[PDB]
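FYI, the numbering just counts along the sequence from 1. Start at 1 and go down the list; that is how both ligands and their atoms are numbered. Because only heavy atoms are used, hydrogens play no part in the values below, and waters and symmetry mates are left out as well, while side chains stay in.
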Amino acid sequence: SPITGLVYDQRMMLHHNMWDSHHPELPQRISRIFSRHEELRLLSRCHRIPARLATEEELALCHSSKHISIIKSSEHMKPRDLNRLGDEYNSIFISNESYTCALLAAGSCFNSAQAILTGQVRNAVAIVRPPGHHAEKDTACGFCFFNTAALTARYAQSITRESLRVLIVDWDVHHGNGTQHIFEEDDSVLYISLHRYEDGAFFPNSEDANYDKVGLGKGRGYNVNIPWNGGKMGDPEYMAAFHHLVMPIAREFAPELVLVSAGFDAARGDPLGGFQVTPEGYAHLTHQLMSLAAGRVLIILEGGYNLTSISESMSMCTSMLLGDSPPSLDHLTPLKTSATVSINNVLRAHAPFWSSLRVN
Ligand SMILES: CC(/C=C/C(=O)NO)=C\[C@H](C)C(=O)c1ccc(N(C)C)cc1
Ligand SMILES: [K+]
Ligand SMILES: [K+]
Ligand SMILES: [Zn+2]
């Protein structure tokens, strides 16, 4: 029978901001999501995967030992040193429990990828924090210490074969700069991100997120950026991006495992995204990805700051993984012109690499 795995560990709530108790990357993000899965009776339908700590050797699959050593050292720091260290990065706060929580987020995901790859479960959801996709090989960034999704892709290959094909779909409203960079020269890991860009004025504020960054060397064509410009986007724009880009490229790539860097900050009500993707929209995207890799899909929480929006959106993704009927959504709504421009720009930049793509 198809089983859905779920991993959650309340110890990941220990990572906190001691200088701003209302910082948006709240410990309550994961507990509210977990409680909503209980209320909707989704949790009881899942196989509970145990959380674990990632080892330093596993962190070294993507990160430098210098970076690992510095984050590890924060476990023993006084508040004044935690404040100073956090200030060395772009948008990071650290507590003595941060390192442990980042290890738990990655270890939880490794156990989930292992459960899927060994056939213990068909697919899985990881309700983890702190997030990972902005973390680079050598630095923490944007609430992220280690790149959980990137590490999970490498971990998956370490327990199978180096050439295991992993698709990472990053639907967090922000560009996963760390994920792109880690796999930029790699043809074994296809990275597809959709993200608010605003001509480089939206976090992480780099032209690296533009559609013309297609990958390097043997990785040329294996990096797909779908940047949004022109304000609020929603379900029609995301469905069109999946229809014309994400799914044709994914099918041509033929992944053996699908990781979703599932931020829910493109959700309706999120003040850090300003977008309108609905829980039914996220459900549709999850169900489309389930048609890939024999259903081998692991959904990894990234960002998403409206407690109610993320709890509803992520629960709807789990509902899809469990085999519930997908929402009836169509492609009849006209897109905002700027979203058409964005999709056409990606189609043009990726036409050389992916024969199945349409011109416009
Ligand atoms: C890091 C983050 C979201 C992360 C996330 O959700 N990861 O996916 C949001 C922060 C508040 C932000 O908006 C910001 C904007 C500009 C900036 N500069 C120009 C230095 C620094 C930070
Ligand atoms: K993204
Ligand atoms: K790549
Ligand atoms: Zn985000």
Side-chain angles (χ1 to χ4, degrees), residues 15 17 19-20 22-26 29-30 33 86-94 102 105 128-136 139-150 167-183 190-211 213 223-229 233 237-238 241-242 245-246 249-250 258-275 277 281-282 285 289 299-307 309-310 313-314 339 342-343 346:
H15 168 58
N17 189 324
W19 308 279
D20 175 4
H22 284 81
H23 186 286
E25 201 294 89
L26 283 176
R29 291 172 65 247
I30 60 166
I33 291 166
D87 285 355
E88 284 173 23
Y89 307 101
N90 183 334
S91 307
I92 287 290
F93 61 82
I94 319 173
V128 294
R129 74 178 280 277
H133 71 156
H134 294 305
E136 300 277 7
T139 200
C141 180
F143 312 164
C144 304
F145 293 89
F146 302 120
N147 198 316
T148 302
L167 164 66
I168 298 178
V169 170
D170 186 333
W171 69 49
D172 183 279
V173 78
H174 301 101
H175 184 238
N177 51 285
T179 316
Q180 170 167 305
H181 294 144
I182 287 160
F183 302 111
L190 168 63
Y191 178 64
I192 304 180
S193 175
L194 308 99
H195 44 272
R196 187 167 191 182
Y197 180 58
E198 303 301 352
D199 306 296
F202 202 78
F203 190 82
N205 308 105
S206 171
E207 292 182 48
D208 290 357
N210 215 356
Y211 59 88
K213 308 309 186 293
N223 192 78
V224 181
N225 285 328
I226 305 174
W228 304 119
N229 300 300
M233 296 304 165
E237 293 76 22
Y238 278 74
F242 262 58
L245 293 161
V246 188
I249 291 164
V258 176
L259 305 182
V260 185
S261 266
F264 294 100
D265 44 12
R268 185 192 56 230
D270 197 295
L272 277 80
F275 276 13
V277 182
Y282 285 111
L285 302 182
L289 295 177
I299 292 177
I300 305 172
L301 179 59
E302 295 277 9
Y305 306 97
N306 176 308
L307 304 179
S309 300
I310 71 179
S313 303
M314 193 168 213
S342 289
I343 292 167
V346 190

Is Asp170 reaching over with its side chain to a backbone N or O of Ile192, donor-acceptor style, under 3.5 angstrom? no
Decide whether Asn225 and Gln180 meet the rule of one side-chain donor and one side-chain acceptor closer than 3.5 Å. yes
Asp172 heavy atoms within 4.0 Å reach ligand 1 at atoms 8 (O)
Output for pair (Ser342 OG, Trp228 CH2), nearest 0.5 Å, gives 6.0 Å
Who gets closest to atom 13 (O) of ligand 1 by heavy atom: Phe203, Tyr305, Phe202, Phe264? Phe203
pair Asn223-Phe183: side-chain heavy atoms closer than 4.5 Å: no
Within the stated cut-off of 2.8 Å, is an N/O/S atom of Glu302 closer than that to the Zn ion (ligand 4)? no
Which value, rounded to 10°, describes the OG(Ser193)-the K ion (ligand 2)-O(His174) angle? 110°
Here the gap from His174 atom NE2 to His195 atom NE2, rounded to the nearest 0.5 Å, amounts to 11.0 Å
Separation of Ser261 OG from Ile299 CD1 (nearest 0.5 Å): 11.5 Å
For the K ion (ligand 2), decide whether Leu194 has an N, O or S atom at a distance under 3.4 Å. yes
Which atoms of ligand 1 sit under 4.0 Å from any heavy atom of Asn90? 21 (C)
Numbered atoms of ligand 1 (with element) below 4.0 Å of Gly142, judged on heavy atoms: 1 (C), 4 (C)
The K ion (ligand 2) to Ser261: any N/O/S contact under 3.4 Å? no
Determine whether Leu289 and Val260 make a side-chain contact, defined as any pair of heavy atoms from C-beta on separated by less than 4.5 Å. yes
Looking at ligand 1, does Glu25 have a heavy atom less than 4.0 Å from it? no
N/O/S atom of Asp170 inside 3.4 Å of the K ion (ligand 2), strictly under: yes
Below 4.5 Å, heavy atoms only, C-beta onward: do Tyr282 and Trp171 meet side chain to side chain? yes
Closest approach of any protein heavy atom to atom 7 (N) of ligand 1, naming residue and atom: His134 NE2, 2.7 Å
With carbon and hydrogen excluded and only N/O/S kept, which atom of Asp172 is nearest the Zn ion (ligand 4)? OD1
Looking only at non-hydrogen atoms, the one of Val173, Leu272, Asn177 nearest atom 9 (C) of ligand 1 is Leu272
With heavy-atom distances below 4.0 Å as the criterion, list the atoms of ligand 1 near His133. 7 (N), 8 (O)
I'd like the atom name of the N/O/S atom in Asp172 lying closest to the K ion (ligand 2). O
Can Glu136 and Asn177 be counted as having a side-chain donor-acceptor contact under 3.5 angstrom? yes
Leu307 side, atom CG; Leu26 side, atom CG - distance, nearest 0.5 Å: 6.0 Å
Any nitrogen or oxygen of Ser91, side chain or backbone, less than 3.5 Å from one on ligand 1? no
Provide the atom name of the closest N, O or S atom of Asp265 relative to the Zn ion (ligand 4). OD2
Nearest protein heavy atom with distance in Å, relative to atom 17 (C) of ligand 1: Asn205 OD1, 3.8 Å
Which atom, among the N/O/S set of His174, is closest to the Zn ion (ligand 4)? ND1
Close side-chain approach of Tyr197 and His175, heavy atoms under 4.5 Å: no
Could you check whether any side-chain heavy atom of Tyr238 comes within less than 4.5 Å of a side-chain heavy atom of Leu194, counting everything from C-beta outward? yes
Which value, rounded to the nearest 0.5 Å, describes the distance between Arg268 atom CZ and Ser313 atom OG? 7.5 Å
Please report which non-hydrogen protein atom sits nearest to atom 11 (C) of ligand 1, along with the residue it belongs to and the distance in Å to one decimal place. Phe143 CZ, 4.2 Å
At a 4.0 Å cut-off, with the gap strictly under it, does some heavy atom of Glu302 reach an atom of ligand 1? no
